[PDB]
Amino acid sequence: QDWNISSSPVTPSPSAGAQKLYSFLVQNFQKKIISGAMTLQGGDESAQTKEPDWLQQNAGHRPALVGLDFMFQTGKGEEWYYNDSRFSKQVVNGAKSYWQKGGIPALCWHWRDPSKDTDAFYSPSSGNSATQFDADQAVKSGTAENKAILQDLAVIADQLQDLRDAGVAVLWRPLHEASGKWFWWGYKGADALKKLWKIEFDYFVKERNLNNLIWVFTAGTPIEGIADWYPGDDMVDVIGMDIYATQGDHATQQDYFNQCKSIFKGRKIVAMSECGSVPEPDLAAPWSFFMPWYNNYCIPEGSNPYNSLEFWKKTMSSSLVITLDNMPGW
Ligand SMILES: *[C@@H]1O[C@H](CO)[C@@H](O)[C@H](O)[C@H]1NC(C)=O
Ligand SMILES: [Mg+2]
Ligand SMILES: [Mg+2]
Ligand code: NA
Ligand code: NA
């Protein structure tokens with residue numbers, strides 16, 4: 001089957017920066033693989049560029065993409081973060097800083113219980129301390145849950161608007177890993193997930209005129225039955241997989257790449273939006289970008305590290321891999 005990717009993103013009248021970022025992704029997709037790393041948000045200012053800095057010093061280059069998370073921007077008991085000047089702009093500033101260097105900010109949001117009854121994003125089937133927040137109620141106009149999600153969406157939109165007004169575009173990967181049902185937003189299944197996606201897409205893109213976002217739908221794991229979870233081609237720019245292989249296994253994950261091509265009819269760029277061990281760079285499974293998780297998933301620890309020093313040196317010097325030093329500047 002042929003690829004059939006749009007040269008423009010789904011946002012009408014995308015910002016100049018979003019145009020440039022999307023075009024960069026389309027032009028490099030299938031020819032090069034964009035390096036990435038997640039960082040840990042919270043009360044540690046030094047940590048904010050830990051993983052990229054380690055990569056610069058150890059492997060000779062910063063990743064082209066940096067991962068940031070709004071998880072503390074809202075939530076029960078999170079005032080220490082969102083009301084402290086040291087942290088309330090941590091995500092915006094990290095994204096601005098990386099964009100200004102020519103890199104790609106990739107934002108997500110482990111969205112804490114919008115009711116504020118708990119501080120949890122994990123669902124009752126996750127095995128972890130959970131929220132009871134009901135996605136099916138959140139998508140119905142005029143419920144308490146609907147009011148709550150719209151309050152939180154306004155806060156995050158304010159942050160994204162700060163980025164928009166600074167000329168920054170981002171990969172935006174909301175409502176991620178929905179099909180695992182371990183987060184409240186996927187816990188009620190595909191119907192609520194798609195209705196949530198639409199509420200957020202319309203609020204951000206139409207109501208708030210956030211035209212600076214490249215929308216990433218996380219398709220698994222688990223991937224089985226993901227077609228029924230898909231928000232549609234008009235609400236998604238990139239298909240991302242979150243695949244955590246055995247620790248130390250750099251298999252390319254070819255089969256998942258192929259499934260994403262098939263399931264979505266070749267219409268969207270396919271990326272490895274989270275991983276542990278990074279898939280070996282390989283143009284037979286040419287993930288648009290990869291992003292290991294933070295701490296030991298990136299910086300090696302122990303005798304069987306997720307991504308060894310040797311692996312990183314090789315990867316960051318590969319002609320297949322785009323590092324921050326290969327970026328054109330926005
Ligand atoms: C390609 O994608 C466009 C937009 O989704 C669609 O109109 C068309 O049917 C697709 N297939 C082909 C073969 O162009
Ligand atoms: Mg539709
Ligand atoms: Mg090979
Ligand atoms: Na799976
Ligand atoms: Na090592």
Side-chain angles (χ1 to χ4, degrees), residues 3 5 21-22 24-26 28-39 51-52 55 59 62-69 103-108 170-180 214-224 226 230 236-264 266-299 305-308 311-312 314-316 318 320-324 326:
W3 288 95
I5 295 161
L21 173 56
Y22 186 74
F24 187 84
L25 297 170
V26 173
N28 287 284
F29 182 53
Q30 306 166 264
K31 297 182 184 167
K32 302 281 227 294
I33 295 152
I34 292 162
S35 59
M38 191 68 193
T39 66
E51 293 80 0
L55 288 162
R62 287 190 169 75
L65 174 157
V66 73
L68 307 158
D69 194 332
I104 301 169
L107 283 54
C108 66
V170 307
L171 289 164
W172 176 235
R173 191 171 67 94
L175 304 169
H176 69 288
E177 297 170 13
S179 63
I214 302 307
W215 291 73
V216 184
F217 175 72
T218 305
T221 63
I223 203 173
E224 187 83 66
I226 199 70
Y230 184 54
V236 175
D237 294 301
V238 175
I239 301 294
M241 289 299 296
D242 289 11
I243 297 155
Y244 285 84
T246 298
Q247 180 172 335
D249 185 356
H250 297 283
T252 63
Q253 303 294 339
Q254 179 73 68
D255 293 340
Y256 281 125
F257 181 90
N258 290 346
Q259 286 191 267
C260 289
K261 181 190 184 185
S262 181
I263 293 163
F264 303 102
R267 295 174 186 159
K268 300 296 171 183
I269 293 162
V270 172
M272 180 77 78
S273 45
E274 295 188 15
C275 59
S277 295
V278 167
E280 279 290 351
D282 180 342
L283 296 188
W287 300 102
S288 167
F289 56 89
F290 60 72
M291 193 192 70
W293 206 243
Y294 52 65
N295 297 347
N296 295 349
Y297 294 100
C298 187
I299 297 175
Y306 285 95
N307 294 290
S308 71
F311 172 84
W312 278 126
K314 180 178 172 201
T315 295
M316 303 300 280
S318 165
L320 295 185
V321 172
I322 289 169
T323 82
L324 189 62
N326 298 118

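The figures here come from the full heavy-atom set of this structure, side chains too, leaving out hydrogens, waters and symmetry mates. Residue indices begin at 1 and follow the sequence shown.
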Could you give me the CA-CA distance, side-chain angles and deciding distance for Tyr297 and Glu274, then say whether side-chain contact (heavy atoms from CB on, under 4.5 Å) is met?
CA-CA 10 Å; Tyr297 294 100; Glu274 295 188 15; over 6 Å; no
Compare all side-chain heavy atoms of [X] with those of [Y] and state whether any distance is below 4.5 angstrom.
X	Y	value
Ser273	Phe290	no
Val270	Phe257	yes
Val26	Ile5	yes
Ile214	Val170	no
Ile269	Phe264	no
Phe29	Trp287	no
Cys275	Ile243	no
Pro52	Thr39	yes

Nearest heavy atoms of [X] and [Y], plus distance in Å:
X	Y	answer
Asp282	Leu320	N-CD1, 4.0 Å
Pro281	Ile33	CA-CD1, 3.7 Å
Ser35	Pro63	OG-CA, 3.3 Å
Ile239	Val236	CD1-CG1, 4.2 Å
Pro286	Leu283	CD-O, 3.4 Å
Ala37	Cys298	CB-SG, 4.2 Å

Test side-chain contact (heavy atoms from CB on, under 4.5 Å) on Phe289 and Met272; report intermediate values, then the result.
CA-CA 6 Å; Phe289 56 89; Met272 180 77 78; over 6 Å; no
If you look only at pairs with a residue in residues 288-299, which of them pass as a salt bridge (charged side-chain N to carboxylate O under 4.0 Å, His left out), with sequence neighbours excluded?
none
Residues forming a ring-ring contact (aromatic ring centres under 6.0 Å, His included) with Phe217, sequence neighbours excluded:
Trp197, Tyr230
If you measure from [atom1] on [X] to [atom2] on [Y], what distance do you get to the nearest 0.5 Å?
X	Y	atom1	atom2	result
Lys32	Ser318	NZ	OG	9.5 Å
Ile299	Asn296	CD1	CG	8.5 Å
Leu25	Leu171	CG	CG	6.0 Å

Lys314: which residues meet the salt bridge (charged side-chain N to carboxylate O under 4.0 Å, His left out) condition with it, sequence neighbours left out?
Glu280
State which residues pass salt bridge (charged side-chain N to carboxylate O under 4.0 Å, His left out) with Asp242; sequence neighbours excluded, sorted by chain then number.
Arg173
Counterpart residues, side chain to side chain contact (heavy atoms under 4.5 Å, CB included), relative to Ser277 (two or more places apart)
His250, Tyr306, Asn307
Residue pair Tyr294 / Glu51, side-chain donor-acceptor N/O under 3.5 Å:
no
When you measure from the side chain of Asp249 to the backbone of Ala245, do you find a donor-acceptor pair of N or O atoms at a distance under 3.5 Å?
no
Before you tell me yes or no, could you show the steps for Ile223 and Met241 under side-chain contact (heavy atoms from CB on, under 4.5 Å), namely the whole-Å CA-CA distance, both residues' side-chain angles and the distance that decides it to 0.1 Å?
CA-CA 9 Å; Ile223 203 173; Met241 289 299 296; 4.2 Å; yes
Which one of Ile322, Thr323, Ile34, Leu324 satisfies the side-chain contact (heavy atoms from CB on, under 4.5 Å) criterion with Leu65?
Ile34
Applying side chain to side chain donor-acceptor pair (under 3.5 Å) to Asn258 and not counting sequence neighbours gives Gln254
For side-chain contact (heavy atoms from CB on, under 4.5 Å), just list the numbers for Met38 and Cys108, CA-CA rounded to whole Å, side-chain angles, deciding distance to a tenth of an Å, and then say yes or no.
CA-CA 10 Å; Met38 191 68 193; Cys108 66; 4.2 Å; yes
